[PDB]
Amino acid sequence: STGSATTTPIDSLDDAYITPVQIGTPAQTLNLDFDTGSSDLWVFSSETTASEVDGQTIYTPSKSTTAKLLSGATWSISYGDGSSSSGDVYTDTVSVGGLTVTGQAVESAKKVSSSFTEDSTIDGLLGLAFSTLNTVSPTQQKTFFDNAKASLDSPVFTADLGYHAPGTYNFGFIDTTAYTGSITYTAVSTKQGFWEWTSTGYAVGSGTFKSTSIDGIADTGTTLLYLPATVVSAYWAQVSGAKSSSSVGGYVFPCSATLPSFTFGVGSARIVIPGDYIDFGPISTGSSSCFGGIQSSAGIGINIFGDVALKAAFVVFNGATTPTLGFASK
């Protein structure tokens with residue numbers, strides 16, 4: 001089997017991407033944030049505290065003939081940005097882009113934090129990291145990909161995120177028309193449950209490439225590119241007037257600037273992030289201070305190749321017995 005679904009930016013900044021997902025019978029279509037940095041499929045639901053729902057589409061398990069309470073199961077998750085959600089669990093039929101999994105754990109939110117309530121465009125998350133991170137207790141549950149894997153033509157999914165444009169998540173096949181040149185594969189460690197890999201270095205603009213190992217995670221659920229402070233300082237030093245602002249919460253730059261590209265290494269290959277991808281616009285409406293798309297990972301504890309980086313590439317998440325990641329230009 002295979003599946004193919006379009007993913008669409010939620011706003012003009014590509015803050016996140018939503019992908020339609022069919023849950024239950026008859027189908028209830030919810031727009032979910034596919035997140036390669038977590039491993040829970042959770043949804044706004046008829047069980048979500050009413051005051052914490054503001055415009056989201058909800059899953060109502062009582063209207064699905066295939067829903068079944070997973071008795072005694074609960075879940076609770078906290079994300080790196082400080083947001084959180086929790087609730088109970090149903091199993092139901094879930095389809096993504098024509099690919100159907102029966103018996104998928106669908107985690108129904110009883111509570112969500114403010115950040116989720118305030119984002120009307122995201123109806124939940126669909127985790128695509130390794131199932132060892134799944135938070136369901138007392139019986140840990142599998143991700144959609146893990147459940148689908150054995151039925152897939154090839155045990156892979158791909159992320160092809162657009163810059164200010166829709167893109168695609170494919171399951172079970174590599175679309176050889178979707179990228180240019182060749183795909184360079186690189187080793188993954190699953191020890192922390194993430195798609196964790198080591199970049200071979202970086203360049204700023206037209207500058208010379210610096211060979212240096214940068215361990216980090218491929219995370220579609222994180223907006224920005226978070227890298228070591230040394231690397232980030234070298235980048236922003238090439239933008240007149242750029243500075244790290246404690247008040248704003250990171251590097252800002254004059255909105256009048258033209259930003260240089262940023263290149264990262266994947267083995268001997270190079271992925272170039274155009275400067276425009278690094279512009280996240282005015283810090284507040286009407287400001288001439290703009291927020292940077294490359295920020296320090298110091299105090300996160302891990303480097304994160306978020307959307308800023310991933311959308312510059314066609315990315316293969318290879319879930320074979322020995323997992324790997326592939327990157328191609330596009």
# chains A, B, ... in the order shown; residues from 1 in each chain; ligands from 1
>>> closest_atom_pairs(of="region 9-87 of chain A", to="region 210-234 of chain A", cutoff="6 Å", atoms="only C-alpha atoms", output="JSON lines")
{"residue": "A:15", "atom": "CA", "partner": "A:223", "partner_atom": "CA", "distance": 5.5}
{"residue": "A:35", "atom": "CA", "partner": "A:221", "partner_atom": "CA", "distance": 4.3}
{"residue": "A:36", "atom": "CA", "partner": "A:219", "partner_atom": "CA", "distance": 5.0}
{"residue": "A:37", "atom": "CA", "partner": "A:219", "partner_atom": "CA", "distance": 4.8}
>>> residues_around(residues="region 160-172 of chain A", least_positions_apart="3", cutoff="6 Å", atoms="only C-alpha atoms", output="PDB file with N, CA and C atoms, in the first residue's frame")
ATOM      1  N   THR A   2       0.284   2.356  -0.364  1.00  0.00           N
ATOM      2  CA  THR A   2       0.918   3.662  -0.228  1.00  0.00           C
ATOM      3  C   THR A   2      -0.135   4.687   0.188  1.00  0.00           C
ATOM      4  N   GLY A   3       0.329   5.855   0.621  1.00  0.00           N
ATOM      5  CA  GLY A   3      -0.535   7.001   0.854  1.00  0.00           C
ATOM      6  C   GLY A   3       0.183   8.267   0.408  1.00  0.00           C
ATOM      7  N   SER A   4      -0.596   9.276   0.040  1.00  0.00           N
ATOM      8  CA  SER A   4      -0.060  10.575  -0.378  1.00  0.00           C
ATOM      9  C   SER A   4      -1.044  11.671  -0.004  1.00  0.00           C
ATOM     10  N   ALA A   5      -0.594  12.632   0.788  1.00  0.00           N
ATOM     11  CA  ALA A   5      -1.447  13.705   1.267  1.00  0.00           C
ATOM     12  C   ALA A   5      -0.731  15.034   1.144  1.00  0.00           C
ATOM     13  N   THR A   6      -1.484  16.051   0.762  1.00  0.00           N
ATOM     14  CA  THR A   6      -0.956  17.401   0.708  1.00  0.00           C
ATOM     15  C   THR A   6      -0.914  18.006   2.091  1.00  0.00           C
ATOM     16  N   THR A   7       0.182  18.716   2.358  1.00  0.00           N
ATOM     17  CA  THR A   7       0.347  19.443   3.606  1.00  0.00           C
ATOM     18  C   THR A   7       0.436  20.938   3.306  1.00  0.00           C
ATOM     19  N   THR A   8      -0.219  21.754   4.131  1.00  0.00           N
ATOM     20  CA  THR A   8      -0.449  23.166   3.815  1.00  0.00           C
ATOM     21  C   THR A   8      -0.027  24.051   4.995  1.00  0.00           C
ATOM     22  N   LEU A 152       3.113  -1.299   3.884  1.00  0.00           N
ATOM     23  CA  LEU A 152       3.653  -0.371   2.901  1.00  0.00           C
ATOM     24  C   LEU A 152       4.524  -1.062   1.873  1.00  0.00           C
ATOM     25  N   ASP A 153       4.500  -0.552   0.646  1.00  0.00           N
ATOM     26  CA  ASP A 153       5.350  -1.100  -0.408  1.00  0.00           C
ATOM     27  C   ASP A 153       6.824  -1.051  -0.003  1.00  0.00           C
ATOM     28  N   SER A 154       7.216   0.028   0.670  1.00  0.00           N
ATOM     29  CA  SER A 154       8.568   0.217   1.191  1.00  0.00           C
ATOM     30  C   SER A 154       8.386   0.898   2.540  1.00  0.00           C
ATOM     31  N   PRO A 155       9.218   0.549   3.536  1.00  0.00           N
ATOM     32  CA  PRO A 155       8.958   1.052   4.890  1.00  0.00           C
ATOM     33  C   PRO A 155       9.507   2.459   5.128  1.00  0.00           C
ATOM     34  N   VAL A 156       8.950   3.421   4.403  1.00  0.00           N
ATOM     35  CA  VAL A 156       9.447   4.792   4.385  1.00  0.00           C
ATOM     36  C   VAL A 156       8.289   5.755   4.394  1.00  0.00           C
ATOM     37  N   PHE A 157       8.559   6.987   4.818  1.00  0.00           N
ATOM     38  CA  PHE A 157       7.690   8.098   4.470  1.00  0.00           C
ATOM     39  C   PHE A 157       8.599   9.259   4.088  1.00  0.00           C
ATOM     40  N   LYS A 311      12.316  22.233   4.758  1.00  0.00           N
ATOM     41  CA  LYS A 311      11.559  22.652   3.574  1.00  0.00           C
ATOM     42  C   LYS A 311      12.476  22.968   2.400  1.00  0.00           C
ATOM     43  N   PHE A 314      13.989  17.561  -0.059  1.00  0.00           N
ATOM     44  CA  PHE A 314      13.110  16.403  -0.083  1.00  0.00           C
ATOM     45  C   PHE A 314      13.725  15.423   0.922  1.00  0.00           C
TER      46      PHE A 314
END
>>> closest_atom_pairs(of="region 122-194 of chain A", to="region 90-108 of chain A", cutoff="7 Å", atoms="only C-alpha atoms", output="tab-separated table")
residue	atom	partner	partner_atom	distance
A:141	CA	A:105	CA	6.5
A:144	CA	A:104	CA	6.6
A:147	CA	A:101	CA	6.7
A:148	CA	A:101	CA	6.0
>>> write_last_selection(atoms="N, CA, C and O atoms", output="compact mmCIF listing (two decimals), in the first residue's frame")
# COMPACT_ATOMS: atom_id res chain seq x y z
N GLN A 141 1.60 2.85 22.99
CA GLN A 141 0.99 2.63 21.69
C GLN A 141 1.93 2.97 20.54
O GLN A 141 2.89 3.73 20.69
N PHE A 144 1.17 5.91 13.80
CA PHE A 144 0.53 5.60 12.55
C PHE A 144 1.51 4.91 11.58
O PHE A 144 1.16 3.94 10.91
N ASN A 147 2.37 1.33 12.69
CA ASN A 147 1.25 0.45 12.39
C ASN A 147 1.11 0.16 10.89
O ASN A 147 0.76 -0.95 10.51
N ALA A 148 1.40 1.14 10.04
CA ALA A 148 1.25 0.97 8.60
C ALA A 148 2.39 0.21 7.97
O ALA A 148 2.24 -0.32 6.88
>>> select_by_dssp(residues="region 220-309 of chain A", states="helix (DSSP H, G or I)", output="PyMOL selection string")
chain A and resi 229-236+275-278+307-309
>>> select_by_dssp(residues="region 48-155 of chain A", states="strand (DSSP E)", output="ChimeraX atom specification")
/A:68-78,84-96,99-112,124-127
>>> residues_around(residues="region 280-292 of chain A", least_positions_apart="3", cutoff="7 Å", atoms="only C-alpha atoms", output="ChimeraX atom specification")
/A:13,251-255,295
>>> residues_around(residues="residue 239 (chain A)", least_positions_apart="3", cutoff="7 Å", atoms="only C-alpha atoms", output="VMD selection string")
chain A and resid 236 242 259
>>> closest_residue(among="A:177, A:19, A:198, A:83", to="residue 118 (chain A)", atoms="only C-alpha atoms")
A:83
>>> closest_residue(among="A:123, A:81, A:54, A:88", to="residue 28 (chain A)", atoms="only C-alpha atoms")
A:123
>>> residues_around(residues="residue 20 (chain A)", least_positions_apart="2", cutoff="7 Å", atoms="only C-alpha atoms", output="VMD selection string")
chain A and resid 18 22 29 to 32
>>> write_last_selection(atoms="C-alpha atoms", output="compact mmCIF listing (two decimals), in the first residue's frame")
# COMPACT_ATOMS: atom_id res chain seq x y z
CA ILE A 18 -1.53 20.85 8.46
CA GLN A 22 -9.69 10.76 8.16
CA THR A 29 -11.64 14.74 8.73
CA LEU A 30 -9.30 16.64 11.05
CA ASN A 31 -6.33 18.76 10.05
CA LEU A 32 -3.31 17.46 11.94
>>> residues_around(residues="residue 329 (chain A)", least_positions_apart="6", cutoff="8 Å", atoms="only C-alpha atoms", output="list in words")
residues 179, 180, 181, 182, 183, 271, 312, 313 and 314 of chain A
>>> residues_around(residues="residue 133 (chain A)", least_positions_apart="4", cutoff="12 Å", atoms="only C-alpha atoms", output="ChimeraX atom specification")
/A:36-41,75-79,127-129,137,140-143,190-195
>>> write_last_selection(atoms="N, CA, C and O atoms", output="compact mmCIF listing (two decimals), in the first residue's frame")
# COMPACT_ATOMS: atom_id res chain seq x y z
N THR A 36 7.49 14.80 13.20
CA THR A 36 8.54 13.78 13.28
C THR A 36 9.37 13.85 14.57
O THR A 36 10.26 13.02 14.77
N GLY A 37 9.06 14.81 15.44
CA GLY A 37 9.67 14.93 16.76
C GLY A 37 8.86 14.43 17.94
O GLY A 37 9.26 14.59 19.07
N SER A 38 7.70 13.82 17.70
CA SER A 38 6.94 13.20 18.77
C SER A 38 6.20 12.00 18.24
O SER A 38 6.22 11.71 17.04
N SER A 39 5.53 11.29 19.14
CA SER A 39 5.05 9.96 18.80
C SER A 39 3.63 9.66 19.27
O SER A 39 3.25 8.50 19.40
N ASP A 40 2.85 10.72 19.50
CA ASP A 40 1.44 10.61 19.88
C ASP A 40 0.56 11.18 18.76
O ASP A 40 0.87 12.24 18.19
N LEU A 41 -0.53 10.48 18.46
CA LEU A 41 -1.57 10.97 17.58
C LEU A 41 -2.69 11.40 18.50
O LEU A 41 -3.38 10.55 19.07
N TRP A 75 -2.94 9.51 28.57
CA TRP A 75 -1.75 10.06 27.93
C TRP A 75 -1.57 11.49 28.43
O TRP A 75 -2.52 12.15 28.86
N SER A 76 -0.34 11.96 28.36
CA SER A 76 0.00 13.30 28.80
C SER A 76 1.35 13.63 28.19
O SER A 76 2.30 12.85 28.30
N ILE A 77 1.43 14.77 27.52
CA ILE A 77 2.63 15.12 26.76
C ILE A 77 2.96 16.58 26.95
O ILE A 77 2.06 17.42 27.09
N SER A 78 4.25 16.86 26.99
CA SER A 78 4.76 18.22 27.04
C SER A 78 5.77 18.37 25.91
O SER A 78 6.62 17.51 25.72
N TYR A 79 5.66 19.46 25.17
CA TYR A 79 6.52 19.69 24.03
C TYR A 79 7.62 20.70 24.37
O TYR A 79 7.57 21.37 25.39
N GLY A 127 2.10 12.09 15.45
CA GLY A 127 3.51 11.88 15.70
C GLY A 127 4.13 10.84 14.78
O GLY A 127 3.52 9.80 14.48
N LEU A 128 5.34 11.14 14.34
CA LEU A 128 6.06 10.29 13.41
C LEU A 128 7.50 10.00 13.86
O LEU A 128 8.32 9.52 13.06
N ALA A 129 7.81 10.28 15.12
CA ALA A 129 9.07 9.83 15.71
C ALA A 129 8.90 8.35 16.11
O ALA A 129 7.93 7.69 15.71
N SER A 137 -0.16 5.33 28.71
CA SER A 137 0.09 4.51 29.88
C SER A 137 -1.22 3.80 30.23
O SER A 137 -2.28 4.40 30.12
N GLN A 140 1.99 1.35 26.18
CA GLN A 140 2.49 2.27 25.16
C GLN A 140 1.92 1.86 23.82
O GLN A 140 1.77 0.66 23.53
N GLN A 141 1.60 2.85 22.99
CA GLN A 141 0.99 2.63 21.69
C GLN A 141 1.93 2.97 20.54
O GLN A 141 2.89 3.73 20.69
N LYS A 142 1.63 2.40 19.38
CA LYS A 142 2.41 2.61 18.16
C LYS A 142 1.93 3.82 17.35
O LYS A 142 0.74 4.15 17.31
N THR A 143 2.87 4.45 16.66
CA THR A 143 2.53 5.54 15.75
C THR A 143 1.82 4.99 14.51
O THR A 143 1.87 3.81 14.21
N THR A 190 18.42 6.02 17.08
CA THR A 190 17.10 6.03 17.68
C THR A 190 17.18 6.02 19.21
O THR A 190 16.16 5.86 19.88
N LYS A 191 18.37 6.22 19.75
CA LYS A 191 18.58 6.09 21.19
C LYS A 191 17.73 7.06 22.02
O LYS A 191 17.38 6.76 23.16
N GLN A 192 17.42 8.22 21.47
CA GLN A 192 16.56 9.18 22.17
C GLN A 192 15.13 9.17 21.62
O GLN A 192 14.31 9.98 22.03
N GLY A 193 14.84 8.25 20.70
CA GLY A 193 13.52 8.15 20.10
C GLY A 193 13.24 9.08 18.94
O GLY A 193 12.13 9.05 18.40
N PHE A 194 14.25 9.84 18.53
CA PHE A 194 14.09 10.81 17.46
C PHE A 194 14.77 10.33 16.18
O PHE A 194 15.56 9.37 16.18
N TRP A 195 14.46 11.02 15.09
CA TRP A 195 15.21 10.87 13.85
C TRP A 195 16.48 11.72 13.98
O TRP A 195 16.58 12.84 13.45
>>> atom_distance(atom1="CA of residue 306 (chain A)", atom2="CA of residue 112 (chain A)")
22.8 Å
